[PDB]
Amino acid sequence: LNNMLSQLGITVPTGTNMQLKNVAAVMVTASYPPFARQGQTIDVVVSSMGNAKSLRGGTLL
Amino acid sequence: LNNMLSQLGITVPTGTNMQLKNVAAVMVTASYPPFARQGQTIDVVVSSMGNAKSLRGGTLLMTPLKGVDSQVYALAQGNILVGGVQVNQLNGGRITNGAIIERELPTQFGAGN
Amino acid sequence: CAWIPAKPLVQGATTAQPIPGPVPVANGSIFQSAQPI
Amino acid sequence: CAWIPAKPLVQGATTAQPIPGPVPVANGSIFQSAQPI
Amino acid sequence: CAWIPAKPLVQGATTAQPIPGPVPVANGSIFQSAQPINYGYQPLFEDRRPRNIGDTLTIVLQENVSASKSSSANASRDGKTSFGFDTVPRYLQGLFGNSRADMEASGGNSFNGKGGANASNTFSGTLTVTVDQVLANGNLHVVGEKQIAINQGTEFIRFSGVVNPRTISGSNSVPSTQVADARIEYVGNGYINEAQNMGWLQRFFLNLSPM
Amino acid sequence: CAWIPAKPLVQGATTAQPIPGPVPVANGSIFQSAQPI
Amino acid sequence: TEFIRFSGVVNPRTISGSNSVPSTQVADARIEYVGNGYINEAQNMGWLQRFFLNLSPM
Amino acid sequence: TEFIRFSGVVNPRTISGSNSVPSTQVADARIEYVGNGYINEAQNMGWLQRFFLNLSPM
Amino acid sequence: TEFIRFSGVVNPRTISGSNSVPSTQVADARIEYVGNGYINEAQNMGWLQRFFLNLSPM
Amino acid sequence: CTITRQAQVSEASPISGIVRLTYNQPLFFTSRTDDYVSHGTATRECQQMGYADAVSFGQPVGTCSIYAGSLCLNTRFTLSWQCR
Amino acid sequence: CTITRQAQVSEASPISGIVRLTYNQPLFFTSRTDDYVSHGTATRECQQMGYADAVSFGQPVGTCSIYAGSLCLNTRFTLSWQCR
Amino acid sequence: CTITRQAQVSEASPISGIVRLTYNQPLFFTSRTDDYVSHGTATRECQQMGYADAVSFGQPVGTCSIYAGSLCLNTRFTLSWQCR
Ligand SMILES: CCCCCCCCCCCCCCCC(=O)O[C@H](CCCCCCCCCCC)CC(=O)N[C@H]1[C@@H](OP(=O)(O)O)O[C@H](CO[C@@H]2O[C@H](CO)[C@@H](OP(=O)(O)O)[C@H](OC(=O)C[C@@H](CCCCCCCCCCC)OC(=O)CCCCCCCCCCCCC)[C@H]2NC(=O)C[C@@H](CCCCCCCCCCC)OC(=O)CCCCCCCCCCC)[C@@H](O)[C@@H]1OC(=O)C[C@H](O)CCCCCCCCCCC
Ligand SMILES: O=C(O)[C@H]1C[C@@H](O)[C@@H](O)[C@@H]([C@H](O)CO)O1
């Protein structure tokens, strides 16, 4: 999250609490189909990585 | 919030309490449509980032929407709409026509055969 | 001697005059790009 | 003597000028590859 | 001498006679205007940062720089060899009978080099400066000067630099460390300042005399 | 000597006379712009 | 007079908060802290002593 | 003046967090920390002493 | 200048975690830690003393 | 005493389209080449690059390049142009 | 005093398609070979490799190569090109 | 002073198909044999092994082989090729 914020233009000090509960680290897996074209879209599967309780209405970024 | 205040002309001292509960840091995602024009508007999705309880009647303030190249492609601002035992998601909302495009992607359409 | 001519290691001008930027385009938008690099 | 010519062990330029990169291809995608190695 | 004519640094009249003002206009209103001067727009909730040429800003110097450098090297070599019979066998008298093989030698080589350097400076003042011009990006070029005549001499404290109109905090104050192109002068006059000059002969000896 | 002519490092005038600004335009608005830069 | 001059290349991502970046994070660090006047002149070796240091055996 | 120069080959996987990598993790480590001026000159042996050190018996 | 050079054969199974392997686990361990300059020269015996050490009786 | 000329180019960076020219001033000397040759050179540099129509946009900058004790033997003055 | 030439090639890495040329400058000397021979050599190197149409894309870099006390007997100036 | 030749082979490992050639450089000497003889030798080594069509794929590496105090009497330069 800090890396994303720094890339977007916000640099959080290294020593900070940063105790958030609305985000979850996830791994996304996809099946690259044969003859895949540049503009096409595919379905993905998102699975929690840490200790997140649920991903009910989350958004993958 | 302090950066926004300083940009607007208010410089809060570095050492201060600043314990507010009416604001929430959010990430806004948008779908840049094909052949996007400069003046057109697109829908955006706002999702809470920190520990905000809800975004029921919140307002998104002038967030720049950038592509994977770190370029500002839209500006999003407006009012969040969230659903009012299957409870609705109160930490994620949608803004219709909340984002106005700023840049146009060059295309080859019409060239070649 | 201390009066012998010498060149400081930080050579060149120590100042940069800011550029005014590009004049706005009357496209009806307050936002104006800045020539992405 | 300390004035005898000498070559530092770290020879060559100590600076690298960044490359601007490849011009974008008007394929309609914001994402642009970078010549995978 | 103290009787030589002199001009005080605060020149001109030290008094201003108040103006009576404008005679009232018989418009039927007790309120009477006073010839408004400036028509410019002024925000209410902003921090009243300097914005134009005549605007004034407060600078807190709080400058503190300290640099140190040290180096040393050494090299010591010592050797000392000996050999002696003091008693030689009859059969070995041919080779070592005399002191022919008796040997004794010593050698030493010691070197020690050192070097060092220090440079520190501090500044703990406050000076109000005035904007000189507004740059293209909005940065303000600030120049200010203050003269104080305690007695028997004058001190000039002058500051110059470029200040970004976003580091100004609260009461129009910005630390000197946040000012680009920091030019700070704190000079003096009079015999007090003259007593701190080396002197022509001593300066020549310092710059030319060997060692 | 201390009487030798010298130029202080902070050269130039240490004062700026404020500009009166632009005369108001009789457009019926109390607000008046200030020539945005 | 004392002149403190700095030069380098700074990545626009190590700048933290109030537009501050440690000098250790700046590439091509060129730092000069020089002085003038008789104070600085008194710290020069002197021509004869310098010649002896650079040439005198031992 | 002091010059501190570094050269090496860094694997782009030992870089941890804030773009920092210990020098012990860099292959082909070339580290130079040299000086100039009379301070550096005073640390040179001297021609005669160097000749004696390299040639004088014992 | 100091040169530290290492050579050997490492089995690609004793490498633990962060690409680190103790030197005791490397076959054909060749380790050199040599120096240059008058500092290194001062640690050489000297031709006459070396000859006496290698030839002088007792 | 008050005569100088020969203001040349010193930098041409396409990134941001910035052209920088430099000229020299002796200790007790002034300098103003022609007020037009610098513009011509900046326009030539912009045309050589992808931009054109150089604009001064700035003010001369003078930084000492040669130091001799408490003096300034030479001063470098820079002129900046933003190609558009 | 102000005459130098003979800017040669020093590196040609197909990875990232980078060509580097180097030239020398004496202590009190300048150097600018022809502003075109470097481009020709870079194009030749790119053609030798799988790329072509070398672009300067950068600015000259000067690092001292010979040190004599508090001086710089020789300075190395580098020109970089990105084959495309 | 600036003349050297005779770049020979030093290693041919079928594992990974790596060919290494080495040449020597005196203290104040340069070296560039012909830029083509090394390729020919690498191709010959690859053909001798099960591979072929050697590719330079790399850059010359120079490591001192003879040490005389604070000097480098001889320098070894290596050229690597990956048979394919
Ligand atoms: C890295 C290794 C490389 C290999 C190196 C090879 C060896 C490298 C060389 C090492 C040996 C040094 C040479 C010294 C003599 C010489 O040449 O260099 C002199 C200058 C010095 C230069 C050296 C710089 C080297 C630079 C360094 C180089 C190092 C590399 C010039 C000179 O000559 N100066 C000279 C001059 O002075 P003056 O200028 O003022 O005039 O005259 C005066 C007066 O003469 C005397 O008078 C006496 C009566 O008065 C008389 O007795 P009397 O019986 O008659 O009474 C008596 O006769 C006698 O000894 C009578 C009889 C004694 C027998 C007793 C049994 C002893 C056995 C003892 C056995 C020895 C065991 C090793 O003899 C001998 O058989 C000697 C034994 C021969 C052994 C052969 C080895 C077989 C291998 C056996 C191998 C064993 C295997 C296990 C008279 N003696 C003489 O003439 C002198 C000479 C006569 C030669 C004729 C004999 C056949 C030689 C035949 C051949 C010899 C060739 C070499 O004998 C020697 O020593 C020769 C020693 C040779 C040893 C070499 C070993 C090789 C290993 C082989 C290794 C490869 C002398 O004092 C003076 O010499 C002296 O002072 C010398 C002093 O004593 C002895 C000090 C030795 C301390 C060690 C050195 C320490 C010095 C260190 C500092 C530098
Ligand atoms: O055997 C010899 O050669 C010697 C024995 C010593 O006495 C020596 O010193 C020398 C003397 O000089 C003669 O006078 O003679």
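Chain naming here is simple, since letters A, B, ... match the order of the sequence lines and numbering starts at 1 in each. Any value given below was found using the heavy atoms of this structure, including those in side chains, with hydrogens, waters and symmetry copies removed. Every number for a ligand or one of its atoms is a count from 1 in the order of the listing.
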Open item on the list: When you measure from the side chain of H:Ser18 to the backbone of H:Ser20, do you find a donor-acceptor pair of N or O atoms at a distance under 3.5 Å?
Closed with: no

Open item on the list: Strictly inside 4.0 angstrom of atom 84 (C) of ligand 1, do you find any protein heavy atom?
Closed with: no

TODO: Look at atom CZ of E:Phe204 and say whether more than 12 heavy atoms of other residues, nucleotides or ligands are closer to it than 6.0 Å.
DONE: no

- [ ] Provide, to 0.1 Å, the distance between atom 5 (C) of ligand 2 and the closest protein heavy atom, together with that atom's residue and name.
- [x] E:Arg100 NH1, 4.5 Å

TODO: Distance to 0.1 Å, residue and atom name: give those for the protein heavy atom nearest to atom 137 (C) of ligand 1.
DONE: I:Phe52 CE2, 4.5 Å

TODO: Distance to 0.1 Å, residue and atom name: give those for the protein heavy atom nearest to atom 9 (O) of ligand 2.
DONE: E:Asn98 ND2, 4.7 Å

- [ ] Measure from NZ or CZ of I:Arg5 to the centre of the six-membered ring of L:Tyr67 and say whether it is under 6.0 Å with the direction within 45° of the ring axis.
- [x] yes

TODO: State whether a side-chain donor-acceptor pair under 3.5 Å links E:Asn118 with E:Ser68.
DONE: yes

TODO: Measure from atom 52 (O) of ligand 1 to the protein's non-hydrogen atoms and state whether any distance is below 4.0 Å.
DONE: yes

Open item on the list: Would you say that more than 12 heavy atoms from the other residues, nucleotides or ligands in this model lie under 6.0 Å from the CZ of K:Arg44, or not?
Closed with: no

Task: Step-by-step side chain to side chain donor-acceptor pair (under 3.5 Å) determination, I:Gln49 to E:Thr81 - done: CA-CA 7 Å; I:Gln49 195 173 5; E:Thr81 64; 5.9 Å; no

TODO: Check whether any protein heavy atom sits under 4.0 Å from atom 12 (C) of ligand 1.
DONE: no

Open item on the list: Tell me whether I:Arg50 at atom CZ has more than 12 heavy atoms from other residues, nucleotides or ligands lying less than 6.0 Å away.
Closed with: no

- [ ] State whether any protein heavy atom lies less than 4.0 Å from atom 58 (O) of ligand 1.
- [x] no

Open item on the list: Surrounding CZ of E:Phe205 (heavy atoms of other residues, nucleotides or ligands, distance under 6.0 Å), is the total greater than 12?
Closed with: no

Task: Per-atom contact, atom 18 (O) of ligand 1, protein heavy atoms, under 4.0 angstrom - done: no

- [ ] Would you verify that at least one protein heavy atom lies under 4.0 Å from atom 33 (O) of ligand 1, or report that none does?
- [x] no

- [ ] Can you pull out the closest protein heavy atom to atom 132 (C) of ligand 1? Residue, atom name and distance to 0.1 Å, please.
- [x] E:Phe96 CE2, 4.4 Å

TODO: Please indicate, with yes or no, if any protein heavy atom is found under 4.0 Å from atom 81 (C) of ligand 1?
DONE: no

- [ ] Establish whether atom 139 (C) of ligand 1 and some protein heavy atom are separated by less than 4.0 angstrom.
- [x] yes

Open item on the list: Can you report which non-hydrogen protein atom sits closest to atom 29 (C) of ligand 1, along with the distance?
Closed with: I:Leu55 CD1, 3.1 Å

Task: Parallel, tilted or perpendicular: ring planes of L:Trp81 versus L:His39, cut at 30 and 60 degrees - done: tilted

Task: Over 12 foreign heavy atoms within 6.0 Å of CG, G:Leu48 - done: yes

TODO: Return the residue, atom name and 0.1 Å-rounded distance of the protein heavy atom closest to atom 129 (O) of ligand 1.
DONE: E:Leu95 O, 2.7 Å

Open item on the list: Using heavy-atom distances only, which candidate in I:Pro57, I:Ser56, E:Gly94 approaches atom 48 (C) of ligand 1 most closely?
Closed with: E:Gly94

Task: Heavy atom of the protein closest to atom 45 (O) of ligand 1 (residue, atom name, distance) - done: E:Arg100 NH1, 4.5 Å

